[PDB]
Amino acid sequence: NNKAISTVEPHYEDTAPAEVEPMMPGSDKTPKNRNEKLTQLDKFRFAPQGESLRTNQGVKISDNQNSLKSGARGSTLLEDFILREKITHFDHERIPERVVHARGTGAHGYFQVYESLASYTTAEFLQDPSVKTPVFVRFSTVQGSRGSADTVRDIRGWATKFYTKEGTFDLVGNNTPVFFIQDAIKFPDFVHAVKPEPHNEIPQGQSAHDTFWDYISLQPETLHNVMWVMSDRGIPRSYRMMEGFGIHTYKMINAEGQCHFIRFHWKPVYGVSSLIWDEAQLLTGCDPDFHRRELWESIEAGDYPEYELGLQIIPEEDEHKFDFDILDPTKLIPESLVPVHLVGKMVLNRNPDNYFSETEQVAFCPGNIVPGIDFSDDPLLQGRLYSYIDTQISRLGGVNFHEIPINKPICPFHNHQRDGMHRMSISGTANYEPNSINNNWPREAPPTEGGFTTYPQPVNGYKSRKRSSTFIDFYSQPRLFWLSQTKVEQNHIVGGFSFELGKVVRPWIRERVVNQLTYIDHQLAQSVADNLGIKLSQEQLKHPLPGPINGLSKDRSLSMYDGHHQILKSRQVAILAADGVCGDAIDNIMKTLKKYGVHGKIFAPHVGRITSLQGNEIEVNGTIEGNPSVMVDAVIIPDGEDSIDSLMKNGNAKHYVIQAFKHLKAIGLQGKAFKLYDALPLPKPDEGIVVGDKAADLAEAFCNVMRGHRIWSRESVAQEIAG
Amino acid sequence: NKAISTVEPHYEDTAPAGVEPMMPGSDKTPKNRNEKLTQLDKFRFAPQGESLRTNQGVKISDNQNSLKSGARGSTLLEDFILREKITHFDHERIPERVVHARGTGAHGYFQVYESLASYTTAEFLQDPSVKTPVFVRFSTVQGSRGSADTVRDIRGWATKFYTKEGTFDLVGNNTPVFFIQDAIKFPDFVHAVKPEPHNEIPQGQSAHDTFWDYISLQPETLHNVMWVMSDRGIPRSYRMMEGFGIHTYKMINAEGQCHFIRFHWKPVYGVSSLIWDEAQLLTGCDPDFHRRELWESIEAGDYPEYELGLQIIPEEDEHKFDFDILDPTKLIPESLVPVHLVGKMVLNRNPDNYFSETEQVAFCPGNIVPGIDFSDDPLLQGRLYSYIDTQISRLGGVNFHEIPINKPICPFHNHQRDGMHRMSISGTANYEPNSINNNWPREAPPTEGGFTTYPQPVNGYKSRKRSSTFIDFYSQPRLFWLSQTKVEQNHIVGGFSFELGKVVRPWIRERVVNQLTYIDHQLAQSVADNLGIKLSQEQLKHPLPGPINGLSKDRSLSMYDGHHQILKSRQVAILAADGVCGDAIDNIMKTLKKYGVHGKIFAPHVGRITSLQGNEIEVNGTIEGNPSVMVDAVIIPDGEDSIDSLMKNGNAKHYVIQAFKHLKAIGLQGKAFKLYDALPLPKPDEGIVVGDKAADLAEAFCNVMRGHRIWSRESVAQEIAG
Ligand code: HEM
Ligand code: HEM
């Protein structure tokens, strides 16, 4: 009554209750994680504690619940400037999404070099190991719009902004070492092919449709990066557990004018780990924010994303020594031939305060580079230089987007540029160079004092539109990639191809792709052709295959699961429990998990607390229904007679074990919890099943099984299970 | 050579020398024509035999390479072809709509059954011979452009009527009420339901803290929360949901008589919904399910069909109800005021280009025509200023009416000039009154059709204040609750319990169920239990609202009470492998075809399977790529070899378990029961149809399907692991 009426009257009272945790802005949750960039952004942060609600002109608002009307039942008056300003700001909140990589996630951190790279570059942020260079990273997918799901099969973008004392350096990479195309002129064609089709805008976040594969079949240059995205690299488990690549060959110029060709790498301290397809798909349905959320909670937990910056270094005289052109972006440089030197460390240790201000409005370009780094003649990179700044003029509202806080450098940046939309700087001095009325300040900087110069590379040829003959080589590296994959990874590649072409309606497109696969590997083609009902002619089964690359038929560095570099720390475990559960078994599991930095979450039939058979309340993390097995790495079911009975009448709790089994995950069953597995149509316990009566001992064995990531041996029987 | 060819200019042919792919509407249904579509032909491009050119008309010889300083050199700034191709691509994107960003569009027409001159002078409602063109966009609310179709959300429903007396936009939703009463709260409500601003989580979901925090503090939202928590929030198709303009409008007739009006759309294909677990899985394996369903249904001839209905109230009965008809959180119960079906709308042509037509279409509630008018509903009043304001940024300026999909098909002369991308070239005087052009174009007198506002009396004081008569938050939620079948009530409890499960701060969940105790004590207790909340004795005694003009239920607010289930156009999976019974499929298909139902053969691989009779039969797609959640029901024909392979296949055994848990009809012919009996599934209930003869098993199968879902199965479905 009075309580009812009060909700639609001005709210002058406290609303919060009188006084495990939700996600919060980084300033709230990790204020002790600072850097120079974050300190610069503080000038723009708002502390509204104890402030009046106001208009943008600073007028206190007395009634935020009602429009100005002519009678409390009347027509709204045009003179309600508060209503119109509030609605008008609302009406204009949206800006264009990125034309590609629209779906992204940001975090702040810092970078340090291990020791001076002055033997190879003058670049300031690689000279001094004591400097902490602030960074901001945006991870992304490629195909989908804002609001598409995270765990699609797709390439992942990886864009790092280095706020150095001598300029902002943008390393704009992907999570695979090659790209689909060789020349930038094909990029709108390729992108249009993979994007939703123009008549119906179908499908979202997916390459599994006609026009993408039509384009692949007609442009063999794409086959290499298709193999990468068709592998499990196409569905990583976390942005903390994938590799990063600059793809293009850059140049690094040292203080002696010498040039070294270089390729950029990010190696993850937490290993390289991926989902499997069926699990990646179900995750898009039940948590489209899975990667965004995982990254966010990673930082709040102190499991900071941590990556080592690696360089491949090739002397100028060595440019032409490989079977491939090192300026070809569909070619990787196998790490067997040119090792990766780890030269520094990046840590992401603080989430943003405002997604839109920081992550949405950030602007990265390959062209922003700093003295000591320079471009190569890669024709894809050369085209990128012009696109990033062009697109951002309309995405971010004009030529002054570097004045938006997240984009500003931390060093001076005086010049003679003036005006443009939303000009924030205010300049009084002469706006032309050379001038004498200001004694020509600001002034050009000699190269020996840090002024950018281009390396004087020789240029000889004719003005020409032509693909380099040194680029015509489309199958060598797809075949190298294939042969470096373990048996399971090859099977999943076959699954990627077979699932995707399965969604292509036009039959000639599937046959044209399968025909391209016969030039990569005959068994790969045969396996895919079988899943599609295609019969391969005797000719196709004899098609010529490429030979080794500079002596190499394999390179283990291209396999995710051969290197045995799986990391246990920071993984997520479901503890299925209900009322009547053994409280001390849970307590001992949580000690063993925390010992190895693993995160156990109690999932129950309802939120709140459950009561252990010892009568203590145990906090719940979520419900079994809202937290499917696809959201965790392994499942442990502790004991408690009444807990198990309850879990056996819950189809979700039982499906939890069938699903986790089919996704090759480790399952621990303490004591009478084995009844659940038994009830299910599940075969004999394999290596990935850990049964035991004492909790701390079950959990130790359970963690050791987790060290293998997935139980690949199980894959054949797992297919048979109805789940 | 084959390889070299692909990186050189492509002067040769590339074409080779359900069953068919989705295509532009101009290619598949060219015979479905209307006046707006003929106007759009003026802007269609036919590229057969044409050269690839720049935008200035210059022929391009090599679309494969940048201009370089040599074949391995540096790209040249003078390559204008490269820069023009890249620049256009760089600026393809325009802002998404601030709400309803995620949407699907189709063309069609509308006919009035008989003249409505008794009520309105609106030209498109006068003459039943006219086919007045329309364009409809369906949408969700919360999610951005690439979010899933089958989220739990309100669905937007926007119809543009291209009439000869102006373009009229009917911009409504699929539930008869909105969340809030005054437009000034729209940014607050929308911010609360949208992803939260620090992390931009979560997408296409209200299941998070800020949304329920807002609900808990704004009881006026509760009524439409009930609607979204019910199965209304997850419809099966845009063809099977209802539509409402929600606001009370006005219709004025030739005599100057005013009637209050509320708009309705009633689906000829009935009102059907998904269930929550099936909706959520559908967003994983097909985020485009509704967009695809609408497109294919039009290419198949199952044209969406809706009847435009009107609740009509004489201006004198404005105050005859226990609620304010100006309150957009209130519906008018169809018992109290029946809905008159006044005409039909059919959607029968897909667009040619999604971006040109669906993305660029602009609809505003302020786009009315002579014969319709506004009421003093304070939410509608704010909407009049917002639609046009936002379209200036989203669509590039004030000339967005000149974009083809947005143009009227009547004349539209005035004195407006310039603006960004001005298309028309106007030679005459640009002010009124003028003499140098004898004042053309001229004002139209009302008796010749010039718009006038009905002279409604206006009295009071300039004030910011919620009308006393708007302060009724709990009565219509209760009406809606008591009007639901038992299974629909359970599903509402499900929505509340799942959603509040994702809320982190406990006090928000507690404050929300506390609000539920003022709607129905047993709804509050069910939801409180699912969340571990113990209700106090005081809470359990909380006063409940009485009836509304003597009404305690209204059957029309229920989906599954008045048997609104249509069978025509449903989708049936047919699980077949190599070794299936040929004659069975034929007789299944002939039976399904007899009823307007589409059956789709799903096999382990794509292409063809061979029957035990040795013939080949076309597959529609894999079992793996088309889970049970995409079809209305499953049928498994016989064929010992088919059954044997299916039983080795995890997906096909799960197909039936999942079909079962989602309460769908499962047909099993012959030894197909071999497969059912192998799974942990109970004895065949009323929605499990066995039989050895296909036509009979199909006929009985199609008749279980008429009930939409086996609601009885619900209790045993919960315990099935799957
Ligand atoms: C080596 C292959 C390429 C890689 C690894 C790459 C990487 C990326 C990444 C990671 C982003 C997202 C940056 C962010 O988070 O804001 C991006 C955006 C973009 N890229 Fe690429 N890209 C490549 C090729 C191309 C090409 C060939 C073009 C066209 C010439 C292009 C044009 C763009 C544009 C316009 C954007 C959006 C920029 C913005 O709106 O801020 N990229 N690229
Ligand atoms: C009765 C409750 C409301 C309903 C049924 C409603 C319905 C809709 C629908 C269906 C759309 C999508 C139209 C399309 O497909 O393009 C939409 C968009 C929009 N609405 Fe509402 N709305 C309501 C209340 C509001 C309010 C209170 C405001 C703010 C004053 C508002 C502002 C907008 C804006 C700015 C758009 C985007 C328009 C565009 O970008 O073209 N609406 N509304």
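Here are some notes:
- Any hit, the stretch B:356-375, residues being within 9 Å of ligand 2 (Cβ to nearest atom), under 22 Å from B:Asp324 (Cβ atoms) and buried (at least 17 other Cβ atoms within 10 Å of the Cβ): yes
- Counting the residues of the stretch A:131-161 that are more than 14 Å from ligand 1 (Cβ to nearest atom) and of a type in the set (D, E, K, R) gives 3.
- Considering the stretch A:264-298, and only residues there that are in contact with a strand residue (DSSP E or B) (Cβ under 6 Å, 6 or more places away or on another chain) and within 11 Å of chain B (Cβ to nearest Cβ), the residue that is surrounded by the fewest Cβ atoms within 10 Å (Cβ to Cβ) turns out to be A:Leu295.
- Just one of the listed residues (B:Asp696, B:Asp638) is part of a loop (DSSP other than H, G, I, E, B) and closer than 19 Å to B:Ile588 by Cα, and it is B:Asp638.
- Restricting A:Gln219, A:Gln258, A:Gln206 to residues that are within 19 Å of A:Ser148 (Cα to Cα) and among the polar types (S, T, N, Q) narrows the list to A:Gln206.
- Condition check for A:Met241: in contact with a helix residue (DSSP H, G or I) (Cβ under 6 Å, 6 or more places away or on another chain), away from ligand 1 (no atom under 13 Å from the Cβ), within 17 Å of A:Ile276 (Cα to Cα) and not acidic (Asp, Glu): no
- Complete set of residues in the stretch A:20-75 that are closer than 23 Å to B:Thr210 by Cβ, assigned to a helix (DSSP H, G or I) and of a type in the set (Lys, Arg): A:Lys29
- Flag if B:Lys194 is over 21 Å from B:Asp377 (Cβ atoms), within 15 Å of ligand 2 (Cβ to nearest atom) and not acidic (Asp, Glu): yes
- Residue count for the stretch A:645-686 satisfying the condition of being farther than 26 Å from B:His662 by Cβ and touching a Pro at 6+ places or on another chain (Cβ under 7 Å): 2.
- Looking across the stretch A:500-511, the residues that are facing chain B (nearest Cβ under 7 Å), of a type outside the set (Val, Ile, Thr) and farther than 16 Å from B:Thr14 by Cβ come down to A:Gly502, A:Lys503.
- Members of the stretch A:494-541 that are surrounded by fewer than 17 Cβ atoms within 10 Å (Cβ to Cβ) and in a loop (DSSP other than H, G, I, E, B): A:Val505, A:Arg506, A:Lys535, A:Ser537
- Among the criteria (1) under 23 Å from the mean Cα position of the chain (by Cα); (2) crowded, with 20+ Cβ neighbours inside 10 Å; (3) under 30 Å from A:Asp323 (Cβ atoms), the one A:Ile549 does not fulfil is (1).
- Answer from A:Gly205, A:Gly167 - the residue that is facing chain B (nearest Cβ under 8 Å) and at positive phi: A:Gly205
- Any hit, the stretch A:453-464, residues being outside any strand (DSSP E or B), of a type outside the set (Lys, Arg) and more than 13 Å from chain B (Cβ to nearest Cβ): yes
- Taking the listed residues B:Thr469, B:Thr447, the one that is more than 10 Å from chain A (Cβ to nearest Cβ) and not in a loop (DSSP other than H, G, I, E, B) is B:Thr447, with no other qualifying.
- Filtered residues of the stretch B:354-365 (kept if touching an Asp or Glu at 6+ places or on another chain (Cβ under 9 Å) and not in a helix (DSSP H, G or I)): B:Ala362, B:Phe363, B:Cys364, B:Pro365
- Annotation: A:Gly398 fulfils all but one of (1) assigned to a loop (DSSP other than H, G, I, E, B); (2) away from chain B (no Cβ under 14 Å); (3) of a type outside the set (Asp, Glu); the unmet one is (2).
- If only residues of the stretch B:579-627 that are of a type in the set (A, V, I, L, M, F, W, C) and in a loop (DSSP other than H, G, I, E, B) are counted, the one that is nearest to the other protein chains (Cβ to nearest Cβ) is B:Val606.
- First in the stretch B:354-369 and within 13 Å of chain A (Cβ to nearest Cβ), second anywhere and within 16 Å of ligand 1 (Cβ to nearest atom) and in a loop (DSSP other than H, G, I, E, B), Cβ under 9 Å, 6 or more apart: B:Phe355/B:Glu92; B:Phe355/B:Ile94; B:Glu359/B:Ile94; B:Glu359/B:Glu96; B:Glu359/B:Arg145; B:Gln360/B:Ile94
- Filter result (away from chain A (no Cβ under 14 Å), surrounded by 21 or more Cβ atoms within 10 Å (Cβ to Cβ) and either within 16 Å of ligand 2 (Cβ to nearest atom) or under 22 Å from the mean Cα position of the chain (by Cα) (or both)) within the stretch B:83-131: B:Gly108, B:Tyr109, B:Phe110
- Each residue in the stretch A:227-263 was checked for being outside any strand (DSSP E or B) and either within 14 Å of another protein chain (Cβ to nearest Cβ) or within 26 Å of A:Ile711 (Cα to Cα) (or both), and 16 pass.
- Hits in the stretch B:78-91 (condition: closer than 21 Å to A:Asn200 by Cα and part of a loop (DSSP other than H, G, I, E, B)): B:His91
- Residue match in the stretch B:378-389 (condition: away from chain A (no Cβ under 13 Å) and crowded, with 17+ Cβ neighbours inside 10 Å): no
Since every read-out is calculated from the coordinates, none of them should be taken as a lab result. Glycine also receives a Cβ, built like all others from the backbone with ideal geometry; neighbour counts cover every protein chain displayed.
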